[PDB]
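Pasted below: start.cif, mmCIF, C-alpha atoms and all ligand atoms.
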```cif
data_start
#
loop_
_atom_site.group_PDB
_atom_site.id
_atom_site.type_symbol
_atom_site.label_atom_id
_atom_site.label_comp_id
_atom_site.auth_asym_id
_atom_site.auth_seq_id
_atom_site.Cartn_x
_atom_site.Cartn_y
_atom_site.Cartn_z
ATOM 1 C CA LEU A 7 -99.803 -22.917 -104.259
ATOM 2 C CA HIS A 8 -102.084 -21.440 -106.936
ATOM 3 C CA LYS A 9 -101.839 -18.416 -109.170
ATOM 4 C CA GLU A 10 -104.881 -16.128 -109.198
ATOM 5 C CA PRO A 11 -105.738 -13.210 -111.431
ATOM 6 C CA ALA A 12 -105.104 -9.555 -110.645
ATOM 7 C CA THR A 13 -104.741 -6.338 -112.630
ATOM 8 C CA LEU A 14 -102.368 -3.488 -112.075
ATOM 9 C CA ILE A 15 -103.785 -0.330 -110.531
ATOM 10 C CA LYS A 16 -100.457 1.427 -109.928
ATOM 11 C CA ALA A 17 -96.846 0.878 -109.192
ATOM 12 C CA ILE A 18 -95.739 2.041 -105.735
ATOM 13 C CA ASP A 19 -92.174 1.039 -104.956
ATOM 14 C CA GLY A 20 -89.709 -1.857 -105.250
ATOM 15 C CA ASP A 21 -91.679 -4.251 -103.044
ATOM 16 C CA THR A 22 -95.237 -2.874 -102.968
ATOM 17 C CA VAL A 23 -97.749 -2.495 -105.750
ATOM 18 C CA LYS A 24 -101.454 -1.632 -105.909
ATOM 19 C CA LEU A 25 -103.461 -4.318 -107.623
ATOM 20 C CA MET A 26 -107.096 -5.116 -108.115
ATOM 21 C CA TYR A 27 -107.753 -8.559 -106.687
ATOM 22 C CA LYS A 28 -111.225 -10.179 -106.709
ATOM 23 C CA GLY A 29 -112.449 -6.806 -107.936
ATOM 24 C CA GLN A 30 -111.116 -4.803 -104.920
ATOM 25 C CA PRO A 31 -108.152 -2.435 -104.775
ATOM 26 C CA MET A 32 -105.403 -3.659 -102.480
ATOM 27 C CA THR A 33 -101.817 -2.852 -101.743
ATOM 28 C CA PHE A 34 -99.636 -5.953 -102.038
ATOM 29 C CA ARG A 35 -96.359 -6.416 -100.231
ATOM 30 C CA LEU A 36 -94.068 -8.938 -101.872
ATOM 31 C CA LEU A 37 -93.232 -12.003 -99.750
ATOM 32 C CA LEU A 38 -89.661 -12.926 -98.788
ATOM 33 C CA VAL A 39 -87.994 -9.749 -100.013
ATOM 34 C CA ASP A 40 -86.926 -6.249 -98.893
ATOM 35 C CA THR A 41 -86.134 -3.527 -101.338
ATOM 36 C CA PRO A 42 -84.510 -0.243 -100.250
ATOM 37 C CA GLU A 43 -86.934 2.611 -99.596
ATOM 38 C CA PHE A 50 -87.058 5.133 -102.410
ATOM 39 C CA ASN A 51 -85.014 7.574 -100.241
ATOM 40 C CA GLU A 52 -82.217 4.945 -99.872
ATOM 41 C CA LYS A 53 -79.464 3.721 -102.181
ATOM 42 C CA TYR A 54 -80.889 1.525 -104.997
ATOM 43 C CA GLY A 55 -84.409 2.449 -103.899
ATOM 44 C CA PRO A 56 -85.150 4.309 -107.039
ATOM 45 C CA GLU A 57 -83.668 1.511 -109.172
ATOM 46 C CA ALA A 58 -85.729 -1.094 -107.337
ATOM 47 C CA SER A 59 -88.872 0.969 -107.820
ATOM 48 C CA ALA A 60 -88.160 1.345 -111.513
ATOM 49 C CA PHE A 61 -87.480 -2.335 -111.923
ATOM 50 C CA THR A 62 -90.775 -3.432 -110.356
ATOM 51 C CA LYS A 63 -92.663 -0.662 -112.172
ATOM 52 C CA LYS A 64 -91.367 -1.815 -115.555
ATOM 53 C CA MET A 65 -92.125 -5.455 -114.871
ATOM 54 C CA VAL A 66 -95.712 -4.876 -113.778
ATOM 55 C CA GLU A 67 -96.597 -2.108 -116.323
ATOM 56 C CA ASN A 68 -95.211 -4.130 -119.259
ATOM 57 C CA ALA A 69 -96.999 -7.312 -118.264
ATOM 58 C CA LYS A 70 -99.926 -8.526 -120.279
ATOM 59 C CA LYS A 71 -100.977 -10.731 -117.355
ATOM 60 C CA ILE A 72 -100.443 -10.144 -113.607
ATOM 61 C CA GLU A 73 -101.094 -12.980 -111.143
ATOM 62 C CA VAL A 74 -100.774 -13.255 -107.392
ATOM 63 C CA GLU A 75 -100.046 -16.378 -105.421
ATOM 64 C CA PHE A 76 -100.716 -16.584 -101.723
ATOM 65 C CA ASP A 77 -98.629 -18.826 -99.527
ATOM 66 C CA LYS A 78 -99.993 -21.172 -96.830
ATOM 67 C CA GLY A 79 -100.076 -18.742 -93.946
ATOM 68 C CA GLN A 80 -101.110 -15.166 -93.391
ATOM 69 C CA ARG A 81 -102.558 -13.421 -96.469
ATOM 70 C CA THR A 82 -102.575 -9.892 -95.072
ATOM 71 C CA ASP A 83 -100.129 -8.099 -92.823
ATOM 72 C CA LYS A 84 -100.868 -5.842 -89.856
ATOM 73 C CA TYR A 85 -101.165 -2.832 -92.264
ATOM 74 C CA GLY A 86 -103.814 -4.559 -94.410
ATOM 75 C CA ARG A 87 -101.369 -5.266 -97.225
ATOM 76 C CA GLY A 88 -101.799 -8.462 -99.159
ATOM 77 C CA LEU A 89 -98.815 -10.806 -98.829
ATOM 78 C CA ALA A 90 -98.101 -12.693 -102.021
ATOM 79 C CA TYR A 91 -95.767 -13.780 -104.732
ATOM 80 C CA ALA A 92 -96.478 -11.611 -107.814
ATOM 81 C CA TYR A 93 -96.027 -12.825 -111.404
ATOM 82 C CA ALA A 94 -95.692 -10.756 -114.547
ATOM 83 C CA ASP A 95 -96.279 -12.845 -117.690
ATOM 84 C CA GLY A 96 -95.364 -15.861 -115.564
ATOM 85 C CA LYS A 97 -92.055 -14.463 -114.183
ATOM 86 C CA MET A 98 -91.944 -13.969 -110.411
ATOM 87 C CA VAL A 99 -91.298 -10.359 -109.460
ATOM 88 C CA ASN A 100 -90.052 -11.272 -106.002
ATOM 89 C CA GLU A 101 -87.366 -13.606 -107.340
ATOM 90 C CA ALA A 102 -86.420 -11.301 -110.172
ATOM 91 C CA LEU A 103 -85.679 -8.406 -107.805
ATOM 92 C CA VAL A 104 -83.427 -10.665 -105.682
ATOM 93 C CA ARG A 105 -81.701 -11.993 -108.771
ATOM 94 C CA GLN A 106 -80.842 -8.526 -109.855
ATOM 95 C CA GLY A 107 -79.431 -7.479 -106.517
ATOM 96 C CA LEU A 108 -82.275 -5.000 -105.978
ATOM 97 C CA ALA A 109 -83.736 -6.796 -102.962
ATOM 98 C CA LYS A 110 -82.412 -8.899 -100.119
ATOM 99 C CA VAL A 111 -84.146 -12.070 -99.006
ATOM 100 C CA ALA A 112 -85.871 -10.959 -95.813
ATOM 101 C CA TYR A 113 -88.962 -11.369 -93.641
ATOM 102 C CA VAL A 114 -88.969 -15.140 -93.931
ATOM 103 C CA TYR A 115 -91.691 -16.204 -91.545
ATOM 104 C CA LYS A 116 -92.480 -19.871 -90.995
ATOM 105 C CA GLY A 117 -95.522 -21.088 -92.983
ATOM 106 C CA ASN A 118 -95.234 -18.315 -95.588
ATOM 107 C CA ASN A 119 -91.904 -19.472 -96.907
ATOM 108 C CA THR A 120 -92.698 -21.818 -99.785
ATOM 109 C CA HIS A 121 -90.327 -20.056 -102.218
ATOM 110 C CA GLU A 122 -87.544 -19.395 -99.757
ATOM 111 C CA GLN A 123 -85.037 -21.819 -101.423
ATOM 112 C CA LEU A 124 -85.695 -20.332 -104.832
ATOM 113 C CA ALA A 125 -85.164 -16.788 -103.480
ATOM 114 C CA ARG A 126 -81.982 -17.668 -101.618
ATOM 115 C CA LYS A 127 -80.483 -19.238 -104.729
ATOM 116 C CA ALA A 128 -81.198 -16.082 -106.687
ATOM 117 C CA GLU A 129 -79.536 -13.974 -103.960
ATOM 118 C CA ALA A 130 -76.415 -16.153 -104.056
ATOM 119 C CA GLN A 131 -76.134 -15.625 -107.765
ATOM 120 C CA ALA A 132 -76.621 -11.896 -107.476
ATOM 121 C CA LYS A 133 -73.988 -11.720 -104.763
ATOM 122 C CA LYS A 134 -71.535 -13.736 -106.882
ATOM 123 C CA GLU A 135 -72.071 -11.335 -109.764
ATOM 124 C CA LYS A 136 -71.599 -8.456 -107.322
ATOM 125 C CA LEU A 137 -74.859 -6.831 -108.591
ATOM 126 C CA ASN A 138 -76.246 -3.542 -107.356
ATOM 127 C CA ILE A 139 -76.766 -3.934 -103.607
ATOM 128 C CA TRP A 140 -73.898 -6.468 -103.582
ATOM 129 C CA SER A 141 -71.544 -4.186 -105.495
HETATM 130 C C1 LIG A 201 -92.916 -8.858 -96.008
HETATM 131 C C2 LIG A 201 -93.637 -8.851 -94.668
HETATM 132 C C3 LIG A 201 -93.662 -7.695 -93.935
HETATM 133 N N1 LIG A 201 -94.397 -7.734 -92.765
HETATM 134 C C4 LIG A 201 -94.342 -6.517 -91.861
HETATM 135 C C5 LIG A 201 -93.084 -6.656 -90.948
HETATM 136 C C6 LIG A 201 -92.549 -5.211 -90.820
HETATM 137 O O1 LIG A 201 -93.179 -4.553 -89.653
HETATM 138 P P1 LIG A 201 -92.645 -3.087 -89.223
HETATM 139 O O2 LIG A 201 -93.401 -2.045 -90.083
HETATM 140 O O3 LIG A 201 -93.188 -3.099 -87.735
HETATM 141 O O4 LIG A 201 -91.123 -2.908 -89.414
HETATM 142 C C7 LIG A 201 -93.020 -4.544 -92.148
HETATM 143 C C8 LIG A 201 -91.855 -4.297 -93.124
HETATM 144 O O5 LIG A 201 -92.490 -3.886 -94.423
HETATM 145 P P2 LIG A 201 -91.732 -2.837 -95.221
HETATM 146 O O6 LIG A 201 -90.383 -3.386 -95.621
HETATM 147 O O7 LIG A 201 -92.682 -2.619 -96.434
HETATM 148 O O8 LIG A 201 -91.488 -1.528 -94.408
HETATM 149 O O9 LIG A 201 -94.091 -5.349 -92.608
HETATM 150 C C9 LIG A 201 -95.055 -8.798 -92.364
HETATM 151 O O10 LIG A 201 -95.628 -8.776 -91.264
HETATM 152 N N2 LIG A 201 -95.075 -9.931 -93.075
HETATM 153 C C10 LIG A 201 -94.351 -9.972 -94.236
HETATM 154 O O11 LIG A 201 -94.340 -11.054 -94.840
HETATM 155 CA CA CA A 202 -88.866 -2.116 -98.092
#
```
In structure tokens, write the structure found in this file.
Ligand SMILES: Cc1cn([C@H]2C[C@H](OP(=O)(O)O)[C@@H](COP(=O)(O)O)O2)c(=O)[nH]c1=O
Ligand SMILES: [Ca+2]
Amino acid sequence: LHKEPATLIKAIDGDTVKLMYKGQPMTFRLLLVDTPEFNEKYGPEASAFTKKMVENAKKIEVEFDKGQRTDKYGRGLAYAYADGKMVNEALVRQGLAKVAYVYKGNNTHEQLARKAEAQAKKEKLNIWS
């Protein structure tokens, strides 16, 4: 997989963000994860976590997997990086997202995400508390 440039337009919630990609505004949904909705427990903390990561980043990148690049709602499906650190994995590591929506052929980082989830669960963090 390859990292490509993008710039932040605006934070949305724990697992969606509006980015400019190839010069066009798009909503991105983060692959392999599910954060709580803002109305749910840990939703606001997940939103804040993603917001801080993407707003503080000097460089945002997106990486598409091998399969579908947009979902049925027109959202981009990607792994997002802030100053080289994967947002998707970082949310799971912090117990702010569950590994979820693992579809075959867009699952390159599944192992990495599951290992983060195991560690978060062992530490009893947030969702796992
Ligand atoms: C993350 C992801 C979500 N989706 C779709 C499945 C779910 O459909 P439904 O809306 O029919 O439940 C939805 C969940 O996204 P959200 O968690 O943002 O609600 O997005 C994909 O199709 N591919 C993906 O990789
Ligand atoms: Ca969600």
Notebook entry, point to check: Given a cut-off of 10 Å, what residues near ligand LIG 201 (chain A) show up using all atoms listed in the file, put as JSON, numbers by chain?
Noted result: {"A": [19, 20, 21, 22, 34, 35, 36, 37, 38, 39, 40, 41, 42, 43, 79, 80, 81, 82, 83, 84, 85, 86, 87, 88, 89, 90, 111, 112, 113, 114, 115, 116, 118, 119]}
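What the PyMOL selection byres (((chain A and resi 137) around 12) and not hetatm) picks from this file is residues 54, 103, 104, 105, 106, 107, 108, 109, 110, 128, 129, 130, 131, 132, 133, 134, 135, 136, 138, 139, 140 and 141 of chain A.
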Next item on the list: Can you give me, as a PyMOL selection string, the residues this file yields under the PyMOL selection byres (((chain A and resi 92) around 12) and not hetatm)?
Entry: chain A and resi 8-14+21-25+27+33-39+62+65-66+69+71-77+88-91+93-103+121
Next item on the list: Using CA of residue 68 (chain A) and CA of residue 18 (chain A) as the two end points, give the distance in Å to one decimal.
Entry: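 One can read the CA of residue 68 (chain A) to CA of residue 18 (chain A) distance as 14.9 Å.
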Checklist line | Using all atoms listed in the file: which of A:7, A:32, A:58, A:124 has the shortest distance to ligand CA 202 (chain A) | finding: A:58
Item checked: Which of A:15, A:127, A:59, A:28 sits closest to ligand CA 202 (chain A) [using all atoms listed in the file] ->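 Of A:15, A:127, A:59, A:28, the one nearest ligand CA 202 (chain A), counting all atoms listed in the file, is A:59.
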Note to self: I'd like the interatomic distance between CA of residue 17 (chain A) and CA of residue 63 (chain A), to a tenth of an Å.
What the structure shows: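 Taking CA of residue 17 (chain A) and CA of residue 63 (chain A), their separation equals 5.4 Å.
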Margin query: So, with only C-alpha atoms and all ligand atoms as the atoms that count, which of A:70, A:64, A:53, A:78 lies closest to ligand CA 202 (chain A)?
Written below: A:53
Give, as lines of an AutoDock Vina configuration file, the centre coordinates and the x, y and z edge lengths in Å to one decimal for an axis-aligned box around all listed atoms of region 104-122 of chain A, padded by 6 Å on each side.
```
center_x = -87.5
center_y = -13.4
center_z = -100.4
size_x = 28.1
size_y = 28.8
size_z = 30.9
```
Checklist line | Length of the CA of residue 26 (chain A) to CA of residue 67 (chain A) vector [Å] | finding: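 Distance reported for this atom pair: 13.7 Å.
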Check: Quick one: of A:51, A:29, A:16, A:61, who's nearest to ligand CA 202 (chain A), counting all atoms listed in the file?
Finding: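 Among the listed residues, the smallest separation from ligand CA 202 (chain A) belongs to A:51.
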Since the input is missing atoms, can you rebuild N, CA, C and O atoms for region 35-65 of chain A and write them as a PDB file, in the frame of the given file?
```pdb
ATOM      1  N   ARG A  35     -97.750  -6.367-100.626  1.00  0.00           N
ATOM      2  CA  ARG A  35     -96.359  -6.416-100.231  1.00  0.00           C
ATOM      3  C   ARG A  35     -95.780  -7.733-100.650  1.00  0.00           C
ATOM      4  O   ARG A  35     -96.338  -8.784-100.342  1.00  0.00           O
ATOM      5  N   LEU A  36     -94.659  -7.699-101.314  1.00  0.00           N
ATOM      6  CA  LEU A  36     -94.068  -8.938-101.872  1.00  0.00           C
ATOM      7  C   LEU A  36     -93.427  -9.796-100.800  1.00  0.00           C
ATOM      8  O   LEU A  36     -92.611  -9.306 -99.993  1.00  0.00           O
ATOM      9  N   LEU A  37     -93.827 -11.064-100.730  1.00  0.00           N
ATOM     10  CA  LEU A  37     -93.232 -12.003 -99.750  1.00  0.00           C
ATOM     11  C   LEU A  37     -91.759 -12.219 -99.992  1.00  0.00           C
ATOM     12  O   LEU A  37     -91.265 -12.260-101.135  1.00  0.00           O
ATOM     13  N   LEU A  38     -91.050 -12.398 -98.865  1.00  0.00           N
ATOM     14  CA  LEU A  38     -89.661 -12.926 -98.788  1.00  0.00           C
ATOM     15  C   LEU A  38     -88.621 -11.943 -99.250  1.00  0.00           C
ATOM     16  O   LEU A  38     -87.454 -12.308 -99.312  1.00  0.00           O
ATOM     17  N   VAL A  39     -88.985 -10.681 -99.475  1.00  0.00           N
ATOM     18  CA  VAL A  39     -87.994  -9.749-100.013  1.00  0.00           C
ATOM     19  C   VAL A  39     -88.039  -8.421 -99.235  1.00  0.00           C
ATOM     20  O   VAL A  39     -89.066  -8.049 -98.631  1.00  0.00           O
ATOM     21  N   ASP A  40     -86.958  -7.635 -99.437  1.00  0.00           N
ATOM     22  CA  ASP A  40     -86.926  -6.249 -98.893  1.00  0.00           C
ATOM     23  C   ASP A  40     -86.146  -5.426 -99.877  1.00  0.00           C
ATOM     24  O   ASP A  40     -84.917  -5.610-100.069  1.00  0.00           O
ATOM     25  N   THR A  41     -86.828  -4.509-100.550  1.00  0.00           N
ATOM     26  CA  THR A  41     -86.134  -3.527-101.338  1.00  0.00           C
ATOM     27  C   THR A  41     -85.800  -2.308-100.498  1.00  0.00           C
ATOM     28  O   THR A  41     -86.479  -2.020 -99.559  1.00  0.00           O
ATOM     29  N   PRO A  42     -84.788  -1.536-100.911  1.00  0.00           N
ATOM     30  CA  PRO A  42     -84.510  -0.243-100.250  1.00  0.00           C
ATOM     31  C   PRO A  42     -85.698   0.699-100.421  1.00  0.00           C
ATOM     32  O   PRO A  42     -86.440   0.559-101.388  1.00  0.00           O
ATOM     33  N   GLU A  43     -85.920   1.575 -99.438  1.00  0.00           N
ATOM     34  CA  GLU A  43     -86.934   2.611 -99.596  1.00  0.00           C
ATOM     35  C   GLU A  43     -86.453   3.549-100.693  1.00  0.00           C
ATOM     36  O   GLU A  43     -85.254   3.608-101.049  1.00  0.00           O
ATOM     37  N   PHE A  50     -87.429   4.282-101.291  1.00  0.00           N
ATOM     38  CA  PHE A  50     -87.058   5.133-102.410  1.00  0.00           C
ATOM     39  C   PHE A  50     -85.956   6.133-102.002  1.00  0.00           C
ATOM     40  O   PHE A  50     -85.089   6.469-102.822  1.00  0.00           O
ATOM     41  N   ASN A  51     -86.023   6.639-100.762  1.00  0.00           N
ATOM     42  CA  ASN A  51     -85.014   7.574-100.241  1.00  0.00           C
ATOM     43  C   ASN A  51     -83.614   6.980-100.032  1.00  0.00           C
ATOM     44  O   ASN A  51     -82.648   7.729 -99.789  1.00  0.00           O
ATOM     45  N   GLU A  52     -83.494   5.650-100.166  1.00  0.00           N
ATOM     46  CA  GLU A  52     -82.217   4.945 -99.872  1.00  0.00           C
ATOM     47  C   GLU A  52     -81.471   4.539-101.139  1.00  0.00           C
ATOM     48  O   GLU A  52     -82.030   4.568-102.231  1.00  0.00           O
ATOM     49  N   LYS A  53     -80.203   4.140-101.002  1.00  0.00           N
ATOM     50  CA  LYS A  53     -79.464   3.721-102.181  1.00  0.00           C
ATOM     51  C   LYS A  53     -80.105   2.494-102.837  1.00  0.00           C
ATOM     52  O   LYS A  53     -80.403   1.520-102.146  1.00  0.00           O
ATOM     53  N   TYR A  54     -80.251   2.564-104.158  1.00  0.00           N
ATOM     54  CA  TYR A  54     -80.889   1.525-104.997  1.00  0.00           C
ATOM     55  C   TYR A  54     -82.394   1.462-104.860  1.00  0.00           C
ATOM     56  O   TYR A  54     -83.014   0.706-105.606  1.00  0.00           O
ATOM     57  N   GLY A  55     -82.959   2.305-103.986  1.00  0.00           N
ATOM     58  CA  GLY A  55     -84.409   2.449-103.899  1.00  0.00           C
ATOM     59  C   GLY A  55     -85.032   2.877-105.195  1.00  0.00           C
ATOM     60  O   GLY A  55     -85.979   2.290-105.676  1.00  0.00           O
ATOM     61  N   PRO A  56     -84.521   3.949-105.796  1.00  0.00           N
ATOM     62  CA  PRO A  56     -85.150   4.309-107.039  1.00  0.00           C
ATOM     63  C   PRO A  56     -85.002   3.269-108.133  1.00  0.00           C
ATOM     64  O   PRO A  56     -85.903   3.110-108.950  1.00  0.00           O
ATOM     65  N   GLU A  57     -83.889   2.532-108.153  1.00  0.00           N
ATOM     66  CA  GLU A  57     -83.668   1.511-109.172  1.00  0.00           C
ATOM     67  C   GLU A  57     -84.569   0.306-108.917  1.00  0.00           C
ATOM     68  O   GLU A  57     -85.118  -0.239-109.863  1.00  0.00           O
ATOM     69  N   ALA A  58     -84.761  -0.022-107.652  1.00  0.00           N
ATOM     70  CA  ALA A  58     -85.729  -1.094-107.337  1.00  0.00           C
ATOM     71  C   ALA A  58     -87.138  -0.700-107.723  1.00  0.00           C
ATOM     72  O   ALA A  58     -87.868  -1.522-108.312  1.00  0.00           O
ATOM     73  N   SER A  59     -87.543   0.519-107.384  1.00  0.00           N
ATOM     74  CA  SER A  59     -88.872   0.969-107.820  1.00  0.00           C
ATOM     75  C   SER A  59     -89.073   0.890-109.318  1.00  0.00           C
ATOM     76  O   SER A  59     -90.104   0.480-109.818  1.00  0.00           O
ATOM     77  N   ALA A  60     -88.076   1.361-110.069  1.00  0.00           N
ATOM     78  CA  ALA A  60     -88.160   1.345-111.513  1.00  0.00           C
ATOM     79  C   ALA A  60     -88.221  -0.044-112.083  1.00  0.00           C
ATOM     80  O   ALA A  60     -88.909  -0.288-113.068  1.00  0.00           O
ATOM     81  N   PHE A  61     -87.509  -0.967-111.442  1.00  0.00           N
ATOM     82  CA  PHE A  61     -87.480  -2.335-111.923  1.00  0.00           C
ATOM     83  C   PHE A  61     -88.865  -2.967-111.768  1.00  0.00           C
ATOM     84  O   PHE A  61     -89.370  -3.567-112.679  1.00  0.00           O
ATOM     85  N   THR A  62     -89.443  -2.885-110.574  1.00  0.00           N
ATOM     86  CA  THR A  62     -90.775  -3.432-110.356  1.00  0.00           C
ATOM     87  C   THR A  62     -91.827  -2.746-111.233  1.00  0.00           C
ATOM     88  O   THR A  62     -92.697  -3.433-111.797  1.00  0.00           O
ATOM     89  N   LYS A  63     -91.717  -1.421-111.330  1.00  0.00           N
ATOM     90  CA  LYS A  63     -92.663  -0.662-112.172  1.00  0.00           C
ATOM     91  C   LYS A  63     -92.642  -1.158-113.617  1.00  0.00           C
ATOM     92  O   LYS A  63     -93.711  -1.431-114.231  1.00  0.00           O
ATOM     93  N   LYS A  64     -91.442  -1.311-114.170  1.00  0.00           N
ATOM     94  CA  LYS A  64     -91.367  -1.815-115.555  1.00  0.00           C
ATOM     95  C   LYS A  64     -91.917  -3.210-115.725  1.00  0.00           C
ATOM     96  O   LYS A  64     -92.717  -3.485-116.634  1.00  0.00           O
ATOM     97  N   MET A  65     -91.634  -4.082-114.758  1.00  0.00           N
ATOM     98  CA  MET A  65     -92.125  -5.455-114.871  1.00  0.00           C
ATOM     99  C   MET A  65     -93.651  -5.485-114.849  1.00  0.00           C
ATOM    100  O   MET A  65     -94.263  -6.271-115.577  1.00  0.00           O
TER     101      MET A  65
END
```
